[PDB]
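Structural overview
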Amino acid sequence: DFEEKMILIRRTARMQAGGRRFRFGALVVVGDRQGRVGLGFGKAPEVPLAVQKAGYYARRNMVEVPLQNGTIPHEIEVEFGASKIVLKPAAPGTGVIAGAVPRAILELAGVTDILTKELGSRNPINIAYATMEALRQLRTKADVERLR
Amino acid sequence: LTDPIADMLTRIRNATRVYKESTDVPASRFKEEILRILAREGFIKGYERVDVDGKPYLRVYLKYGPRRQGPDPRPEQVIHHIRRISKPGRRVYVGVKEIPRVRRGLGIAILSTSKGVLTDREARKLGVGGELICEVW
Amino acid sequence: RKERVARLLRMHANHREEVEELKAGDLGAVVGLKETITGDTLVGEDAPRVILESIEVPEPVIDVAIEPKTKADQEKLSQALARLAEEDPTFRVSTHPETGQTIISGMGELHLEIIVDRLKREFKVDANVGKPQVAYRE
Amino acid sequence: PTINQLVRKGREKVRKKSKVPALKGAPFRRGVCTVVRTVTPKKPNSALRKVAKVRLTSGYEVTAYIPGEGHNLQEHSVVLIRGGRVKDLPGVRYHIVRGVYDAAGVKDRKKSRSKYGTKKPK
Amino acid sequence: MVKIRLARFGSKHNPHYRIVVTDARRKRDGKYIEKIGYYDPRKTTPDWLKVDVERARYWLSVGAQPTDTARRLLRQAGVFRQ
Amino acid sequence: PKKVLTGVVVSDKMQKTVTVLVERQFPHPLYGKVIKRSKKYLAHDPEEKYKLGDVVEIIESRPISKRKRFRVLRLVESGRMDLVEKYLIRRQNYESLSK
Amino acid sequence: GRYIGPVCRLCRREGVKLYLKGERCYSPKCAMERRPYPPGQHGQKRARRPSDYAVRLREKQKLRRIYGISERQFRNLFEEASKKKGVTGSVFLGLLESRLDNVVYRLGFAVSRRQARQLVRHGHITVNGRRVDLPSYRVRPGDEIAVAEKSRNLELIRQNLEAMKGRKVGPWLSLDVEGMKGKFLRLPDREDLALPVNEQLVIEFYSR
RNA sequence: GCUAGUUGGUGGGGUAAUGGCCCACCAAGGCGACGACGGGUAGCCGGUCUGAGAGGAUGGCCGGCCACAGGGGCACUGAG
RNA sequence: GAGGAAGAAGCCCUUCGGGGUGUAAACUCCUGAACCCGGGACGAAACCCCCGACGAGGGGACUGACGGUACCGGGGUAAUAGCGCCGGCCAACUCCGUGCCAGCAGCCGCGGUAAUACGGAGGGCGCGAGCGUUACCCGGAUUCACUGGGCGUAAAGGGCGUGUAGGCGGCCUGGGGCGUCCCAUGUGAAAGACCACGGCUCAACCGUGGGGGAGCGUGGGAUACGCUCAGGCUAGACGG
RNA sequence: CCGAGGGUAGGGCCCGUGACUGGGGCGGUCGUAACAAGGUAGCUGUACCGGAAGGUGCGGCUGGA
Ligand code: SF4
Ligand SMILES: [Mg+2]
Ligand SMILES: [Mg+2]
Ligand SMILES: [Mg+2]
Ligand SMILES: [Mg+2]
Ligand SMILES: [Mg+2]
Ligand SMILES: [Mg+2]
Ligand SMILES: [Mg+2]
Ligand SMILES: [Mg+2]
Ligand SMILES: [Mg+2]
Ligand SMILES: [Mg+2]
Ligand SMILES: [Mg+2]
Ligand SMILES: [Mg+2]
Ligand SMILES: [Mg+2]
Ligand SMILES: [Mg+2]
Ligand SMILES: [Mg+2]
Ligand SMILES: [Mg+2]
Ligand SMILES: [Mg+2]
Ligand SMILES: [Mg+2]
Ligand SMILES: [Mg+2]
Ligand SMILES: [Mg+2]
Ligand SMILES: [Mg+2]
Ligand SMILES: [Mg+2]
Ligand SMILES: [Mg+2]
Ligand SMILES: [Mg+2]
Ligand SMILES: [Mg+2]
Ligand SMILES: [Mg+2]
Ligand SMILES: [Mg+2]
Ligand SMILES: [Mg+2]
Ligand SMILES: [Mg+2]
Ligand SMILES: [Mg+2]
Ligand SMILES: [Mg+2]
Ligand SMILES: [Mg+2]
Ligand SMILES: [Mg+2]
Ligand SMILES: [Mg+2]
Ligand SMILES: [Mg+2]
Ligand SMILES: [Mg+2]
Ligand SMILES: [Mg+2]
Ligand SMILES: [Mg+2]
Ligand SMILES: [Mg+2]
Ligand SMILES: [Mg+2]
Ligand SMILES: [Mg+2]
Ligand SMILES: [Mg+2]
Ligand SMILES: [Mg+2]
Ligand SMILES: [Mg+2]
Ligand SMILES: [Mg+2]
Ligand SMILES: [Mg+2]
Ligand SMILES: [Mg+2]
Ligand SMILES: [Mg+2]
Ligand SMILES: [Mg+2]
Ligand SMILES: [Mg+2]
Ligand SMILES: [Mg+2]
Ligand SMILES: [Mg+2]
Ligand SMILES: [Mg+2]
Ligand SMILES: [Mg+2]
Ligand SMILES: [Mg+2]
Ligand SMILES: [Mg+2]
Ligand SMILES: [Mg+2]
Ligand SMILES: [Mg+2]
Ligand SMILES: [Mg+2]
Ligand SMILES: [Mg+2]
Ligand SMILES: [Mg+2]
Ligand SMILES: [Mg+2]
Ligand SMILES: [Mg+2]
Ligand SMILES: [Mg+2]
Ligand SMILES: [Mg+2]
Ligand SMILES: [Mg+2]
Ligand SMILES: [Mg+2]
Ligand SMILES: [Mg+2]
Ligand SMILES: [Mg+2]
Ligand SMILES: [Mg+2]
Ligand SMILES: [Mg+2]
Ligand SMILES: [Mg+2]
Ligand SMILES: [Mg+2]
Ligand SMILES: [Mg+2]
Ligand SMILES: [Mg+2]
Ligand SMILES: [Mg+2]
Ligand SMILES: [Mg+2]
Ligand SMILES: [Mg+2]
């Protein structure tokens with residue numbers, strides 16, 4: 001099976017007569033380190049549920065990510081509205097030179113060597129959703145040729 | 001019209017994103033020469049020298065992927081990305097060693113030269129350089 | 001603090017004689033030093049860092065207050081008598097708890113006289129002096 | 001901006017403003033103490049902090065902070081100062097370096113003595 | 001006049017010359033006209049002298065005079081052999 | 001080589017000397033874009049034969065006066081008073097860039 | 001100079017027996033056996049979830065503490081690596097291992113690198129029959145790591161040479177025993193060596 | 001907005017040598033939003049530091065050019 | 001340096017059972033920085049003297065500040081550790097003292113009787129002949145944005161035109177080849193930086209070789225895009 | 001003749017300083033202008049007036065009804 005890492009736990013708060021009433025939310029990345037990843041963000045009235053829920057949604061939503069000696073094929077830039085992830089491919093000696101949100105979503109997909117950067121809003125939650133949709137936008141000399 | 005090229009790539013861009021089977025772009029020899037590349041490179045099906053109200057156009061035949069599964073059945077694109085590099089505002093000119101390398105191989109830079117309208121692979125082997133006309137992937 | 005001893009001089013009636021050494025139980029004047037003041041022990045470099053017996057006695061007998069007139073040049077005096085205090089270690093600057101005036105204190109009339117007269121006719125000082133103010137009470 | 005506008009009008013380089021003009025560029029500066037008092041700091045705070053007005057060899061007269069528990073400072077104290085805003089105190093933007101000139105270090109200090117100019121206990 | 005002499009390099013107690021052609025009125029170790037080979041007076045490696053004898057002749061011809069120990073390592077590897 | 005350059009005569013109101021305005025083009029070292037710039041050369045006409053409009057080549061020559069260091073080499077084109085206006089209309093325009 | 005203090009505590013913090021003590025490390029009397037929690041007042045306190053910086057910090061001190069070396073020298077070796085051709089992490093362990101004092105330990109001349117370093121600093125070792133006392137001598141492929149033959153008649157080389165007649169120096173080394181020599185034949189492969197060290201976590205550290 | 005040795009010319013002095021370098025005369029020019037004039041600050045470069053790079057910042061030690069020898073002016077001797 | 005307890009004393013913690021400093025110490029033993037003796041340099045082979053011919057080659061002699069130093073050889077004592085931090089950023093936690101006081105402070109902010117945030121202690125984390133601090137440069141700053149930003153409401157469309165310079169400019173054919181691309185060649189000093197080897201025991205330092213690029217000069221070549229010049233067009237624009 | 005510079009005289013720029021005064025920032029006294037239709041929708045350019053916030057005239061805006 002898969003490996004889990006909680007990436008972001010956070011208490012929110014909502015208002016109601018006499019009291020602010022909370023609810024927690026957790027963003028979790030899940031991956032095999034050999035090629036699949038996934039991410040889901042879930043919110044229960046208690047921390048540990050919402051973590052598990054984040055997991056539930058984690059596996060309910062996964063990603064190809066066509067590794068290549070542990071790096072990615074092409075360099076890729078995606079914007080998830082104001083937040084902006086950039087991935088660059090790195091030679092077999094480097095390492096994962098990423099943030100913390102992109103560190104996880106890249107380590108669990110089994111990226112071993114990468115150059116990256118977080119221009120734009122460096123908000124975790126959108127930097128997350130951004131790193132994913134950029135992964136799931138990777139292609140190969142294959143699928144290019146297949147398409148042409 | 002200020003940049004006939006940008007116009008065309010944008011005729012072509014705007015076209016595909018709503019999956020127009022074709023789109024026609026007013027014609028020039030230079031214009032054709034780039035299309036002639038798009039085709040040859042798997043980006044478009046190809047093109048023919050049509051005519052609207054007696055006006056010499058080019059009809060570009062667009063090309064996509066399969067219908068897909070899920071709630072967004074729209075195909076992926078064949079030209080995912082196309083944009084002017086050199087420009088009337090700012091000429092870009094690269095010498096051969098200056099020549100860029102689009103999407104780690106998977107894409108191209110079409111670049112005018114004193115030896116035809118080549119691609120990056122093409123000029124790098126031909127040993128020349130010129131005006132970075134655009135980029136496709 | 002470490003300190004280079006360049007030259008060593010004996011002072012005679014009429015001339016200054018240079019000499020390459022100064023044995024124990026003798027007096028002379030050493031050229032070179034920079035930080036050394038009076039009543040400060042001095043040892044060769046690789047030796048026991050002993051401090052000679054100090055000295056110590058009389059506390060000042062006469063006290064005189066000095067008013068820095070006006071007023072951005074009080075501190076012409078502030079740096080003046082810090083140069084003084086390592087030059088004469090027998091006067092004593094102090095500032096009054098209440099009233100806040102500056103109180104030079106001395107070994108006698110005469111002692112305060114020249115110290116004061118210097119402070120002006122050698123440091124310009126915009127200042128006058130006299131009887132210290134009294135800290136009263138209700 | 002168009003590429004022309006940049007050709008014409010360039011891009012304006014950012015310039016920074018010293019937060020220790022008084023030092024005249026030096027690491028530290030020497031000075032004498034004109035006033036030594038306590039001051040009160042702004043909300044949300046509430047102490048009596050020990051300050052010194054100090055006239056520098058640069059020309060400037062600045063007010064400085066006296067770090068630590070207790071000091072030996074008063075009028076005419078010769079003193080050495082370093083860059084260092086104290087956040088709560090209007091107009092304080094340098095510190096007196098204890099253990100220099102007439103700045104006594106702190107009696108009984110045990111930790112971080114490097115920073116209160118106390119020598120090492122035996 | 002234009003000269004052939006030893007232009008010191010290396011470091012302290014590590015002499016490492018560079019017999020050289022340069023105008024007499026330069027610093028010893030200043031802009032020379034041409035490097036015509038090194039010299040390691042300490043003899044620390046098999047090559048403690050390699051005068052470009054092809055070049056070192058051209059100079060001597062057109063003027064260049066030399067140190068009384070420039071020639072020493074110029075004779076030593078014979079620019080003078082008849 | 002003695003630098004040769006090509007430009008229009010904009011002043012002949014001197015005596016055995018003509019002003020030759022010279023354009024050059026080059027790319028902006030930061031912003032790529034090609035840009036024009038120019039320079040007026042006082043040029044030696046020993047036989048006074050050059051006039052307004054006359055696009056000519058002038059050549060790097062030895063000094064003849066303070067600021068004359070080129071002599072005209074060869075008449076290359078003629079009557080380009082459009083370029084002459086292109087430079088008067090700029091000059092003239094200056095009278096309204098004051099306060 | 002070197003770490004020099006209480007050394008079990010290194011291992012107890014690091015949650016991994018680093019074999020620093022040498023002769024004692026395999027005894028039930030080592031510390032890691034009796035208490036394998038971190039040193040000091042707070043070890044039996046239920047440990048807390050470690051940050052990524054931590055994780056790479058701990059991983060780094062781990063590698064570093066193993067070769068028992070100054071963070072100065074460590075980093076400078078490491079820098080040499082990055083700039084050197086190909087795979088940084090590997091070439092790191094390479095140069096980390098191509099250093100003398102640790103060789104002597106790999107060749108069991110001495111019990112631990114500490115003991116090894118002493119031996120090396122004392123002139124009791126020689127590379128190539130030239131006497132060499134600098135524990136940072138990067139040994140290069142082809143070198144003869146002698147014992148000083150005037151150091152030969154010495155209770156401690158013997159003892160350790162004696163327990164080294166037919167054990168296996170790794171794939172890159174060649175202990176001609178009896179005659180006290182040995183050889184540095186190959187800079188290691190990554191696979192050549194297992195240490196409790198993620199070669200990559202350390203690169204990701206110095207990337208901050 | 002600037003400019004009377006100012007910009008050009010004829011003749012001459014000066015110099016190792018071109019030149020408004022200096023001088024007499026003739027002409028009315030020369031320069032400026034591509035930033036003249038003016039004010040500020042600064043010796044420049046090889047390089048150095050930082051930076052993914054582009055770029056930013058810097059110019060002590062060493063090597064190259066320049067400028068200066070308390071502040072000014074001046075010429076003499078000399079290949080200089 | 002090796003061995004050295006289910007683990008001394010003191011100190012810190014404690015639910016009072018125990019936990020921690022800690023194999024750390026003591027202790028056994030092995031090595032042997034400094035020191036002590038003995039020897040002891042490379043840097044210096046030319047200038048000059050001798051045969052020859054004052055030349056080519058040969059041969060002989062004098063000369064060492066550092067220096068009795070480096071290094072070698074023999075003997076040879078367990079032999080300085082300190083500084084920053086331990087609320088979050090950020091690696092490291094408890095007890096007392098204190099009580100918006102005394103103080104901390106780079107930003108958030110911490111102190112009002114139970115403070116992991118002040119002060120001391122024990123413990124811990126990081127560095128180690130150093131550790132910290134202030135000043136400043138570049139970085140994070142994609143926050144002057146060329147690479148690589150923006151303007152309906154966040155800072156940001158000129159109150160609206162008309163037009164000067166300027167910037168930009170439709171489709172076809174041809175000449176030039178200014179930009180642009182290519183090859184050659186000169187220049188691009190030395191040190192530096194980079195790759196290789198090599199000298200000092202290592203390294204710092206240093207030596208030898210290699211690889212050069214931008215940039216500019218000179219000659220040859222290309223013509224697609226831009227430029228200029230020359231003809232034609234009518235889809236822009238103006239006109240009837 | 002030119003000429004360091006000295007001197008007479010009139011100008012331009014900069015910097016420091018000055019009785020007093022103008023507002024600006026930081027750490028009790030009067031009212032209640034704004035935020036809810038904020039108790040007269042708010043804001044607006046201008047204008048006159050008023051201890052003060054502000055009020056009022058004229059026009060505009062909706063970012064009001
Ligand atoms: S003995 Fe056990 S505790 Fe001490 S070092 Fe060797 S491994 Fe760690
Ligand atoms: Mg969702
Ligand atoms: Mg956006
Ligand atoms: Mg943020
Ligand atoms: Mg935020
Ligand atoms: Mg795929
Ligand atoms: Mg004093
Ligand atoms: Mg309070
Ligand atoms: Mg408070
Ligand atoms: Mg005092
Ligand atoms: Mg001599
Ligand atoms: Mg003339
Ligand atoms: Mg021995
Ligand atoms: Mg780094
Ligand atoms: Mg960095
Ligand atoms: Mg005249
Ligand atoms: Mg003449
Ligand atoms: Mg003449
Ligand atoms: Mg003149
Ligand atoms: Mg003349
Ligand atoms: Mg006249
Ligand atoms: Mg110009
Ligand atoms: Mg000035
Ligand atoms: Mg200056
Ligand atoms: Mg950047
Ligand atoms: Mg220099
Ligand atoms: Mg002068
Ligand atoms: Mg002078
Ligand atoms: Mg002087
Ligand atoms: Mg003089
Ligand atoms: Mg027990
Ligand atoms: Mg105990
Ligand atoms: Mg106990
Ligand atoms: Mg021990
Ligand atoms: Mg012994
Ligand atoms: Mg010798
Ligand atoms: Mg003879
Ligand atoms: Mg001796
Ligand atoms: Mg010895
Ligand atoms: Mg001991
Ligand atoms: Mg620290
Ligand atoms: Mg840190
Ligand atoms: Mg922490
Ligand atoms: Mg208790
Ligand atoms: Mg108290
Ligand atoms: Mg503290
Ligand atoms: Mg407490
Ligand atoms: Mg509390
Ligand atoms: Mg505390
Ligand atoms: Mg803290
Ligand atoms: Mg900064
Ligand atoms: Mg930047
Ligand atoms: Mg800024
Ligand atoms: Mg931009
Ligand atoms: Mg922005
Ligand atoms: Mg607004
Ligand atoms: Mg408008
Ligand atoms: Mg207006
Ligand atoms: Mg126009
Ligand atoms: Mg055109
Ligand atoms: Mg045009
Ligand atoms: Mg050309
Ligand atoms: Mg060079
Ligand atoms: Mg070596
Ligand atoms: Mg070299
Ligand atoms: Mg035409
Ligand atoms: Mg005069
Ligand atoms: Mg005068
Ligand atoms: Mg005079
Ligand atoms: Mg004034
Ligand atoms: Mg109201
Ligand atoms: Mg109202
Ligand atoms: Mg109202
Ligand atoms: Mg309202
Ligand atoms: Mg109104
Ligand atoms: Mg009233
Ligand atoms: Mg009213
Ligand atoms: Mg109204
Ligand atoms: Mg509203």
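Residues numbered from 1 in each chain as written, not as in the entry; some residues may be left out. Chains lettered and ligands numbered in written order. Part of a larger assembly, values for the part shown. Heavy atoms only, no water. Residues with missing side-chain atoms left out of burial classes, pairs and counts.

Header annotation of the entry names X-ray crystallography as the structure determination method and lists the resolution as 2.80 Å.

If you look chain F up in the PDB entry, it shows as 30S ribosomal protein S17 from Thermus thermophilus. What the PDB record gives as the title of this entry is "Crystal structure of the Thermus thermophilus 70S ribosome in complex with elongation factor G and fusidic acid in the post-translocational state". Checking UniProt for chain F, the heading Sequence similarities contains the comment "Belongs to the universal ribosomal protein uS17 family." (UniProt positions renumbered as here; feature names shortened; annotations may be inferred.)

If you look chain D up in the PDB entry, it shows as 30S ribosomal protein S12 from Thermus thermophilus. Database annotation for chain D, UniProt heading Sequence similarities: "Belongs to the universal ribosomal protein uS12 family."

Topic: the protein's contact with RNA strand H
Neighbouring RNA strand H are 30 residues, the closest being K27 of chain E together with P63, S65, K66 and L97 of chain F. By atom count, sugar and phosphate contribute 77% of the portion of RNA strand H lying within 4 Å of the protein. Take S11 of chain F: an N or O atom from its side chain is 2.5 Å from a phosphate oxygen of RNA strand H. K16 of chain F places a polar side-chain atom, nitrogen or oxygen, 2.7 Å from a phosphate oxygen of RNA strand H. (Near = heavy atom within 4 Å. Polar contact = N/O pair within 3.5 Å; in protein donor to acceptor, adjacent residues only side chain to side chain.)

So, a positive patch on the surface
All names here are of chain F. There is a patch of like positive charges on the surface, built from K3, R24, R37, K39, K40, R67 and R91. Tallying contributions element by element places strand 3 (residues 34–44) first for the positive patch, with three residues. With respect to the element layout, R37 can be found in strand 3. For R37, a relative accessible area of 46% puts it in the partly exposed group. (Patch = residues over 30% accessible without salt bridge, like charges linked within 9 Å, V, L, I, M, F, W, Y side chains within 5 Å. Areas by Shrake-Rupley, 256 points an atom, 1.4 Å probe, with all protein chains shown as cover. Salt bridge = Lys/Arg side-chain N within 4 Å of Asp/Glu carboxyl O. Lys, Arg positive; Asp, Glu negative; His and termini not counted. Charge placed at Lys NZ, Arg CZ, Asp CG, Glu CD. Helix = DSSP H or I, 4+ residues; strand = E, 2+ residues; numbered from the N terminus. Buried < 20%, exposed > 50% of the residue type's maximum accessible area, 1.4 Å probe, protein only.)

Focus: the sheet that holds strand 1 (residues 2–5) of chain E
Residues and elements named next belong to chain E. Taken in spatial order, the four strands of this open sheet run 5-4-1-6, and their pairing is mixed. Taken across any chain shown, the strands that pair with only one partner, and hence form the sheet edges, are strand 5 (34–35) and strand 6 (65–66). With two bridges joining them, strand 4 (residues 20–23) and strand 5 adopt antiparallel strand pairing. Paired with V21 across the two strands is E34, which belongs to strand 5. (Pairing = 2+ DSSP bridges.)

Regarding the side chain of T113 of chain B
All names here are of chain B. Checked against the element boundaries, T113 lands in strand 6 (residues 111–113). Overall, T113 belongs to the buried group, its relative accessible area being 15%. In contact with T113, not counting residues within four places along its chain, are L118, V128, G129 and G130. (Contact = heavy atoms within 4.5 Å.)

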